[PDB]
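Read the structure below first, then the notes.
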Amino acid sequence: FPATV
Amino acid sequence: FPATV
Amino acid sequence: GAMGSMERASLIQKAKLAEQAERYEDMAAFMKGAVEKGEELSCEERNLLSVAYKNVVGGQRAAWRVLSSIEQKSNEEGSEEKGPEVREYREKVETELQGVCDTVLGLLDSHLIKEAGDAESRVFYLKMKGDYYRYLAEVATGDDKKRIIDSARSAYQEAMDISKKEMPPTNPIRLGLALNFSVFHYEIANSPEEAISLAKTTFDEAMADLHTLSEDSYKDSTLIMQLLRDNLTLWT
Amino acid sequence: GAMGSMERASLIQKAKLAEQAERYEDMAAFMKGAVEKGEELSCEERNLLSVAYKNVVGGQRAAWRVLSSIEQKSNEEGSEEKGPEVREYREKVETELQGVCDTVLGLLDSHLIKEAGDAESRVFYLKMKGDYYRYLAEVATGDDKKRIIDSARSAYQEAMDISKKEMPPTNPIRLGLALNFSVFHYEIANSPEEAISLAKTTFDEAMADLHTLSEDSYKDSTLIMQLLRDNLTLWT
Ligand SMILES: *CC(=O)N1CC2(CCN(C(=O)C3(Nc4ccc(Cl)cc4)CCOCC3)CC2)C1
Ligand SMILES: *CC(=O)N1CC2(CCN(C(=O)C3(Nc4ccc(Cl)cc4)CCOCC3)CC2)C1
Ligand SMILES: [Mg+2]
Ligand SMILES: [Mg+2]
Ligand SMILES: [Mg+2]
Ligand SMILES: [Mg+2]
Ligand SMILES: [Mg+2]
Ligand SMILES: [Mg+2]
């Protein structure tokens, strides 16, 4: 999965 | 801490 | 609510303790109580709120994906019928996830966003609104799926418009918003080219503004820039 | 109870799903429902029950220790008074821990132990009884602390007596019981010499019986033997 903050 | 199962 | 009798300051103190103990459900409940006092949140308090719910829903999303994968495998040719239990349990997790999202969205709507006038607060809350509609979109399959996706897009877009007018290109909130909106494009809106363009432009514009920053601000900005680069590497 | 309407087999199926999703609170609730059907548990089902509650209470114990350390630091000379919040929150976690322990002990008493006639089941349940009284003892400070400690000791001792009569020295249940009873001696009963003697004798007697085992049984036994060795290394 891609990075989120 | 020591190992327990 | 069960936190109605606890002082605001005590709720905030206990949220910090809960974070140290990695008790994120408690952390979230404390922060919900704090929001419901009705006063605006400081920067640190906004961060506590976000950390708490990000960790709770993050765990629910990971569990939902495990269960969804098992369910998908059960629906392949040659898979033995095992009854309704996998669907039921995926639904149970899904309903709990949706509940948490609805709780956060409720706090934002009553009344965090409407009282947030500074860019740093308003952008942060609008980004969260986008995030929790995005989580709802991840699990949506019904009549409302398009409206849920559009609710996420709209919130992110309003946040983007303010961020571009009011914040420098290295501002961590601006960067984090762009990171997450780019993921929305890639994973939810079926728009990988938009996702890549946003991540690249955001990275590049940030790079050009680093020269203005202290060492500590540089560290903060570059951490999120690396997340943008990490996603670009995944996608190209 | 909320699981009273769900089939036993479905509860067991869902406990396995919950384990795969690392949803240990759900896992425990499913297994509690399964126990409450009133039928004896198979080996695999006993293991599910134990894994679920071990993981739930394990997380509570870790959180309790974080909070207890903060509380202890607050009571040192020169520490600023911060009000009742640290004690309150440690108490909240403690009460939830005690609740879980009481739930497990309740399942064992009504009616798992009394129906368990084979050594493998009876020893396993008596070991669990010892374990959950040990967790209660970790947080006990009142009139009953000695009785709680003695309840753990008694359960472990009955399990040990059966295990030594009925099981070979390499049996994983016998080994795990001895491991945990040795930790009881070291951490709860202030008996480090007894702890060390038990771990050493258990290790040595197991070593001498490995020659009787298949490859797969050897792997199972040696894993727990290494835990004994790890504790001995910590303590000597
Ligand atoms: C008070 C305020 O508005 N803050 C503190 C934050 C800026 C620094 N920060 C980060 O850099 C994190 N997390 C996030 C960044 C950006 C956004 Cl929009 C949300 C969270 C810290 C954790 O690792 C990722 C970067 C915390 C939040 C915004
Ligand atoms: C059915 C039954 O009685 N079982 C399966 C167990 C034996 C194998 N096993 C282990 O070796 C574990 N866990 C435990 C060992 C011993 C005891 Cl008393 C409790 C748990 C597997 C996980 O790593 C540690 C060793 C599972 C349980 C007993
Ligand atoms: Mg007040
Ligand atoms: Mg649904
Ligand atoms: Mg553009
Ligand atoms: Mg039935
Ligand atoms: Mg107490
Ligand atoms: Mg002896």
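Just so it is clear: chains get the letters A, B, ... in the order the sequence lines come, proteins before strands, and each one is counted from 1. Computed from heavy atoms alone, side chains included, the values below leave out hydrogens, waters and symmetry copies.
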Over 60° means perpendicular and under 30° means parallel, so classify the ring planes of C:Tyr186 and C:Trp235, tilted if in between.
parallel
Is the side chain of C:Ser79 donor-acceptor paired with the backbone N or O of C:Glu76 at a distance under 3.5 Å, no angle test?
yes
Could you check C:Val93 against D:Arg23 for side-chain contact (heavy atoms from CB on, under 4.5 Å), going step by step and ending with a plain yes or no?
CA-CA 10 Å; C:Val93 173; D:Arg23 292 274 294 197; 4.0 Å; yes
Compare all side-chain heavy atoms of D:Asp102 with those of D:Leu136 and state whether any distance is below 4.5 angstrom.
yes
Look at the side chain of D:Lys129 and the backbone N and O of D:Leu105, then say whether any donor-acceptor pair between them is shorter than 3.5 Å.
no
Might you point out which heavy atoms bring D:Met160 and D:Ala178 nearest each other, and give the distance in Å?
SD-CA, 4.3 Å
Shortest non-hydrogen contact from C:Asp220 to C:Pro172?
CB-CG, 4.1 Å
Between C:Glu94, C:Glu187, C:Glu138, which is the residue that forms a salt bridge (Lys or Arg N to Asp or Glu O under 4.0 Å) with C:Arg61?
C:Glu138
Side chains of D:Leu41 and D:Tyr125: closer than 4.5 Å at any heavy-atom pair?
yes
Counting neighbours of NZ on D:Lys146 that are heavy atoms of other residues, nucleotides or ligands and sit closer than 6.0 Å, is the number greater than 12?
no
Any side-chain heavy atom of D:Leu112 sitting closer than 4.5 Å to one from D:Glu40?
no
Closest non-hydrogen contact found for D:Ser121 with D:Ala116 is OG-CB, 3.5 Å
Nearest 0.5 Å, please: how far is CE in C:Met31 from CD1 in C:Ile12?
3.5 Å
Taking the six-membered ring for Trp, are D:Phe181 and D:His185 parallel (under 30°), tilted (30 to 60°) or perpendicular (over 60°)?
tilted
Has D:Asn231 got a side-chain atom pairing as donor or acceptor with B:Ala3's backbone, closer than 3.5 angstrom?
yes
If we only count heavy atoms from C-beta on, is the C:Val86 to C:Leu67 side-chain gap below 4.5 Å?
no
Decide if atom NZ of D:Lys200 counts as having more than 12 heavy atoms of other residues, nucleotides or ligands within a radius under 6.0 Å.
no
In terms of relative ring orientation, are D:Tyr132 and D:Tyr53 parallel, tilted or perpendicular, with 30° and 60° separating the classes?
perpendicular
Is there side-chain contact between C:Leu107 and C:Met128, with at least one heavy-atom pair below 4.5 Å?
no
For C:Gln226 and C:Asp230, does a side-chain donor sit closer than 3.5 Å to a side-chain acceptor?
yes
Does D:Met3 reach the side chain of D:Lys14, with side-chain heavy atoms less than 4.5 Å apart?
no
D:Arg90 (side chain) donor-acceptor with D:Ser68 (main chain) under 3.5 angstrom
no
I need the minimum non-hydrogen distance between C:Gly176 and C:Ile224, along with the two atoms involved.
N-CG2, 4.0 Å
When you compare the side chain of C:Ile70 with that of C:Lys73, does any pair of heavy atoms fall below 4.5 Å?
no
A quick test of your reading: do over 12 heavy atoms of other residues, nucleotides or ligands sit less than 6.0 Å from CD of D:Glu7?
no
Under 3.5 Å: donor-acceptor pair, side chain of D:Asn171, backbone of D:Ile173:
yes
Would a distance-only check, ignoring hydrogens and angles, find a side-chain to backbone donor-acceptor pair under 3.5 Å from C:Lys37 to C:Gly4?
yes
Could you go through the salt bridge (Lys or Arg N to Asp or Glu O under 4.0 Å) check for D:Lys16 and D:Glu44 one step at a time?
CA-CA 10 Å; D:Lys16 289 175 189 173; D:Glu44 182 173 6; 3.3 Å; yes
Could you tell me which non-hydrogen atom of D:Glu19 sits nearest to which non-hydrogen atom of D:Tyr24, and how far apart they are?
O-OH, 4.2 Å
Walk me through whether D:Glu45 and D:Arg8 qualify under salt bridge (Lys or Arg N to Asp or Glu O under 4.0 Å).
CA-CA 11 Å; D:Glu45 294 158 0; D:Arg8 189 185 188 279; 2.8 Å; yes
D:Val57 versus D:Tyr135, closest heavy-atom pair with distance:
CG1-CE1, 3.6 Å
Any chance you could measure D:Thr233, atom OG1, to D:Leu228, atom CG, to the nearest 0.5 Å?
11.0 Å
Do D:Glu71 and D:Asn75 meet the criterion of a side-chain donor-acceptor pair at a distance under 3.5 Å?
no
Greater than 12 external heavy atoms within 6.0 Å of D:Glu39's CD:
no
The reported gap from OG1 in D:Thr170 to CG in D:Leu213 (rounded to nearest 0.5 angstrom) is 4.0 Å
I'd like to know if D:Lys32 pairs up with D:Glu36 as an ion pair, taking the criterion as any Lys NZ or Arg NE/NH1/NH2 lying under 4.0 Å from an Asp or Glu carboxylate oxygen.
yes
Do the side chain of D:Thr212 and the main chain of D:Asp209 share a donor and acceptor less than 3.5 angstrom apart?
yes
Ignoring hydrogens and angles, state whether a donor on the side chain of D:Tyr156 or D:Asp131 is under 3.5 Å from an acceptor on the partner side chain.
yes
Value for OG (D:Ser182) from CG (D:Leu177), rounded to nearest 0.5 Å, stands at 10.5 Å
Evaluate the criterion salt bridge (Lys or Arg N to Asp or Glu O under 4.0 Å) for residue pair C:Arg87 and C:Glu91; output intermediate values, then yes/no.
CA-CA 6 Å; C:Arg87 175 186 55 76; C:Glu91 286 171 345; 3.0 Å; yes
So, does C:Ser221 use its side chain to make a donor-acceptor pair with the main chain of C:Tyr218 at under 3.5 Å?
no
Side chains of C:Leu97 and C:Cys101, heavy atoms from C-beta outward: is any pair under 4.5 Å?
yes
Gap separating the CG atom of C:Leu108 from the NZ atom of C:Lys127, nearest 0.5 angstrom
11.0 Å
Could you go step by step and tell me if D:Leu179 and D:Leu175 meet the side-chain contact (heavy atoms from CB on, under 4.5 Å) rule?
CA-CA 6 Å; D:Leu179 180 75; D:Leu175 290 174; over 6 Å; no
Donor-acceptor pair, D:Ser151 side chain versus D:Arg147 backbone, under 3.5 Å?
yes
Main-chain N/O of C:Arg65 paired to C:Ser69 side chain as donor or acceptor, under 3.5 Å:
no
Output for pair (D:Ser163 OG, D:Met167 CE), nearest 0.5 Å, gives 6.5 Å
Between C:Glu88 and C:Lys92, does any NZ, NE, NH1 or NH2 come within less than 4.0 Å of an OD or OE carboxylate oxygen?
no
As a quick check of understanding, evaluate salt bridge (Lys or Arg N to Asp or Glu O under 4.0 Å) for D:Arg153 and D:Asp150, giving each step before the final call.
CA-CA 5 Å; D:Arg153 182 203 59 72; D:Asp150 203 64; 2.8 Å; yes
